[PDB]
Amino acid sequence: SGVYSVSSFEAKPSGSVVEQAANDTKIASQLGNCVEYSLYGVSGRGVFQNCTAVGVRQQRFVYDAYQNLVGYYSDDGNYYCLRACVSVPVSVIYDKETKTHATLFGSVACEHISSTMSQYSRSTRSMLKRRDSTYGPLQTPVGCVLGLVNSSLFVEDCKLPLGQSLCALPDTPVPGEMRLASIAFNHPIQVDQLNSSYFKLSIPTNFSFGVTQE
Amino acid sequence: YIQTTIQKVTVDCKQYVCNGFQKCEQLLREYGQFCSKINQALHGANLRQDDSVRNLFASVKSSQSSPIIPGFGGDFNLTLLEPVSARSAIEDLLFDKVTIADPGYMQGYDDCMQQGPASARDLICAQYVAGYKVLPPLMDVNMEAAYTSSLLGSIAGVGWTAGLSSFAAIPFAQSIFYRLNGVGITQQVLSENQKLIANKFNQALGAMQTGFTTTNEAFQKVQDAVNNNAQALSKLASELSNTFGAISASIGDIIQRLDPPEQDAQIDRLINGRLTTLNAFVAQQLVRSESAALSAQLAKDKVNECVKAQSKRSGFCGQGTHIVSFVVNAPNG
Amino acid sequence: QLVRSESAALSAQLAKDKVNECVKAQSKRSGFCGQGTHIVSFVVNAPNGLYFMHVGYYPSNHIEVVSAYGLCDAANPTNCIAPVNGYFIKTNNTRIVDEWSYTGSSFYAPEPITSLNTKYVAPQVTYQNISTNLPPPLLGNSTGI
Amino acid sequence: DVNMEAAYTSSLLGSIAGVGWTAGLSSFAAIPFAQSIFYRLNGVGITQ
């Protein structure tokens, strides 16, 4: 049992862009989409945006310290701001005893993920089964989770912690779906201060012996 | 500053080596269980980090404590240790003065979708490109602050007599005067100079706010730990531009320029280079984690010796004669 | 192998310190030997080192009582006492009012105040000035011939 | 050997009680285990 990082989804190139010295194959009308590009003999894949002009215009290609294209001067007279298409990280939350699983999607906001992820591509042939329940993706402080039920429970410890306070509680005694619980802080015995020449003393009335092995 | 953890990093070995190109996947498939060894080593290191955090904070928690009300301390102004209704003021200042990149942990993938222009090699947006990932820490900021604040509320009442199994809820001033009486200052002197002692303690504690600067060695150590984390990530992000004796560093470029007999050779050069990089990264992470575990044990000893009791051995807690020690959370310790 | 062997020597030094501090003596520092309050430790051999078994005293069922920093004689204010390895608590043993008893620091069991569990100290502003019932240490001897 | 290591460990076990209440490094008092346990309990805050 544990939380294992697995292979991530990759954005699928929606269109293409070409340039030189029809009409739908242009940088404009494609801003925000991961596209292939071949601009004046420099080719790759990325996402274009509208950024304020920077660098030297006559040298249309704008690089960074590590020889990565980060900008481009188009024939239309606009400076286009260039990125790389980004992957969606994936991890699997697995309980061995009940043989149950959920999917944690890195740090994504559940707007970019769907039950099929047809917009993305990865080597893995299919997604986890995610049976009849199949409710909408749950949004957690650690990211978007598929196959978790909001439980609003508290635990003193868990075997699979998701992150930041979060645990996946398996439906242990057909086992149900895993639940999203949180680790609660165990408050020490509170003793209040007096406002006098007395003080409050907390003292045991019973005891036991305990062996710590090391 | 005592470091207790390192940043938890997992890499997607398949996507780091081949970044999506189906031709490279087949070439790497006959390399067998290298990527699997990298993944298992990283998973074990992260599990050990979680276990270290749990052990340290299970040894830090007190069994009994006093609620931290405003004005806790009385004549001694330690309001910079009190939580602002959950971190302390000095803890917030320490976290503010440290140059640390904000990881996403939530909708951080969509933060890098817009991303503006890149902010000087953003290692937080590079994970969704290079193929690694930074895991969130086991506990929240609020839970860590709860542990530290519960530790602060038991400092005075640690017990003058065999104080392990009993808690006396005495004021902070009484505890300070008992600690001062035990280092060779008589009751008469303490009774005459009550206000002077309180003022002198406040002067020393107040000079802390204007202390986080270049001359502060502990603050420099905090920044060094953050920079070590950043360098570890940057070395991974930097080897993707390397061309290990090939015609290009992009797999998609050599694919659309040569023929399969040459494609295989070039792609194999790149594959071997990237696998060597990943192996070196894994070894360095193992070394850093093994060092951080010993440092966490040292922090446990210091919490048990200086914070929960007044130490009689010189030099261990601080300089001079030790009286009282406070502890807050820091970026990695 | 060199790295592992170098780590094992530091671990062996730690085991030496633990044997000298937890098995051959009772340790007063919390957390080093075990949890709770350390009492006695045993050690046996293990495949590649030592296996320590620390026996500790774990308290339960805590109660809250009212206690005083010390007691002074109202007639003679410069004659005061403080508890030794314990506390001065307010009894409720269906008896005289504002009676003071002594209890050990690790187990609740009120007992009479005597010279065996108290020590004389200089007066403080937080000490209780008691007029009647004057535990035996505070009894100012005025029995002449 | 296993026997030599066990001899060391057993010899260590037999000196646990008599570590000496008073400056106990150069002298050995062969007291019973119960006496040692009760002296250890008395020193943590449990009255006689």
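Residue numbers (this note's numbering), protein chains in the order written: chain A, 5 to 218; chain B, 30 to 362; chain C, 2 to 146; chain D, 989 to 1036. Each residue gets a CB set at the ideal place from its N, CA and C atoms; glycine is no exception.
Residue i - DSSP class collapsed to helix/strand/coil
{"i": "B:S340", "result": "coil"}
{"i": "A:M182", "result": "strand"}
{"i": "A:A188", "result": "coil"}
{"i": "B:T305", "result": "helix"}
{"i": "C:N21", "result": "helix"}
{"i": "B:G274", "result": "coil"}
{"i": "B:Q144", "result": "coil"}
{"i": "B:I205", "result": "helix"}
{"i": "A:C171", "result": "strand"}
{"i": "D:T997", "result": "helix"}
{"i": "B:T239", "result": "helix"}
{"i": "B:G281", "result": "helix"}
{"i": "A:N54", "result": "strand"}
{"i": "A:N154", "result": "strand"}
{"i": "C:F33", "result": "coil"}
{"i": "A:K133", "result": "coil"}
{"i": "B:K126", "result": "helix"}
{"i": "B:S267", "result": "helix"}
C-beta neighbour in chain C for residue i, strict 8 Å
{"i": "B:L180", "result": "no"}
{"i": "D:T1035", "result": "yes"}
{"i": "D:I1025", "result": "yes"}
{"i": "D:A995", "result": "no"}
{"i": "D:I1004", "result": "yes"}
{"i": "A:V51", "result": "no"}
{"i": "A:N210", "result": "yes"}
{"i": "B:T33", "result": "no"}
Residue i - partner residues in DSSP beta bridges
{"i": "C:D74", "result": "C:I131"}
{"i": "A:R49", "result": "A:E40"}
{"i": "C:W101", "result": "C:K91"}
{"i": "C:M54", "result": "A:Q217 and C:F43"}
{"i": "A:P177", "result": "According to DSSP, A:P177 bridges with nothing at all."}
{"i": "A:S91", "result": "A:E14"}
{"i": "C:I64", "result": "A:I207"}
{"i": "A:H105", "result": "A:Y98"}
{"i": "B:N222", "result": "Answer by DSSP bridge pairing: none, since B:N222 is not bridged."}
{"i": "A:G147", "result": "A:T144"}
{"i": "C:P113", "result": "The partner list for C:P113 (beta bridge, DSSP) is empty, contrary to what the question assumes."}
{"i": "A:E23", "result": "A:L43"}
{"i": "residue 154 of chain C", "result": "Summary: the structure shown does not reach residue 154 of chain C, with chain C confined to residues 2 through 146, and so no result is reported for it."}
{"i": "B:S94", "result": "A:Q194"}
{"i": "A:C85", "result": "A:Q53 and A:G75"}
Residue-chain proximity (residue i, chain A), Cβ-Cβ < 8 Å
{"i": "C:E65", "result": "yes"}
{"i": "C:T104", "result": "yes"}
{"i": "C:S61", "result": "yes"}
{"i": "B:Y60", "result": "no"}
{"i": "B:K329", "result": "no"}
{"i": "B:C53", "result": "no"}
{"i": "C:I90", "result": "yes"}
Chain B contact for residue i (CB, 8 Å cutoff)
{"i": "A:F203", "result": "yes"}
{"i": "C:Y121", "result": "no"}
{"i": "C:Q129", "result": "no"}
{"i": "D:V1007", "result": "no"}
{"i": "C:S116", "result": "no"}
{"i": "C:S143", "result": "no"}
{"i": "A:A172", "result": "no"}
{"i": "A:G167", "result": "yes"}
Any C-beta of chain D under 8 Å from that of residue i
{"i": "C:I40", "result": "yes"}
{"i": "B:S92", "result": "no"}
{"i": "C:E100", "result": "no"}
Proximity test, residue i beta-carbon vs the ligand SAM heavy atom, cut-off 7 Å
{"i": "A:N154", "result": "For the structure depicted, the ligand SAM is absent and the ligand set is empty, with no information on it obtainable."}
Expected contact under 8 Å - CB spacing of residue i and residue j to nearest Å
{"i": "D:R1028", "j": "C:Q129", "result": "The pair is not a contact, with the Cβ atoms about 33 Å apart (cut-off 8 Å)."}
{"i": "A:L184", "j": "A:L205", "result": "Their Cβ separation, rounded to whole angstroms, is 42 Å, which puts A:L184 and A:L205 out of contact at 8 Å."}
{"i": "B:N222", "j": "B:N106", "result": "Incorrect: roughly 17 Å between the Cβ atoms, too far for contact."}
query = Hey, is the stretch 155 to 167 of chain B in contact with the stretch 329 to 339 of chain B, meaning 3+ C-beta pairs nearer than 8 Å?
reply = Short answer: they don't touch.
ask   = Would you say the stretch 109 to 126 of chain A touches the stretch 78 to 86 of chain A, given that touching needs at least three Cβ pairs under 8 Å?
value = Look at the beta carbons and you see the stretch 109 to 126 of chain A not touching the stretch 78 to 86 of chain A: under three pairs across the two are nearer than 8 Å.
The stretch 128 to 147 of chain A contacting the stretch 109 to 122 of chain B, beta-carbon criterion three pairs below 8 Å = With a cut-off of 8 Å on Cβ pairs, the stretch 128 to 147 of chain A is not in contact with the stretch 109 to 122 of chain B, counting fewer than three such pairs.
ask   = Using 8 Å as the Cβ pair cut-off and three pairs as the minimum, do the stretch 96 to 105 of chain A and the stretch 15 to 25 of chain A touch?
value = The count of Cβ pairs closer than 8 Å, one atom from the stretch 96 to 105 of chain A and one from the stretch 15 to 25 of chain A, stays below three, leaving the stretches out of contact.
query = Counting pairs of Cβ atoms below 8 Å between the stretch 265 to 274 of chain B and the stretch 293 to 310 of chain B, do you hit three or more?
reply = Yes, the stretch 265 to 274 of chain B touches the stretch 293 to 310 of chain B.
query = So does the stretch 127 to 137 of chain B actually touch the stretch 183 to 190 of chain B, counting three or more Cβ pairs closer than 8 Å?
reply = The stretch 127 to 137 of chain B, when compared against the stretch 183 to 190 of chain B, does not touch it at the 8 Å Cβ threshold.
query = Okay, do the stretch 58 to 67 of chain C and the stretch 193 to 213 of chain A touch, 3+ Cβ pairs below 8 Å being the bar?
reply = The stretch 58 to 67 of chain C vs the stretch 193 to 213 of chain A: in contact.
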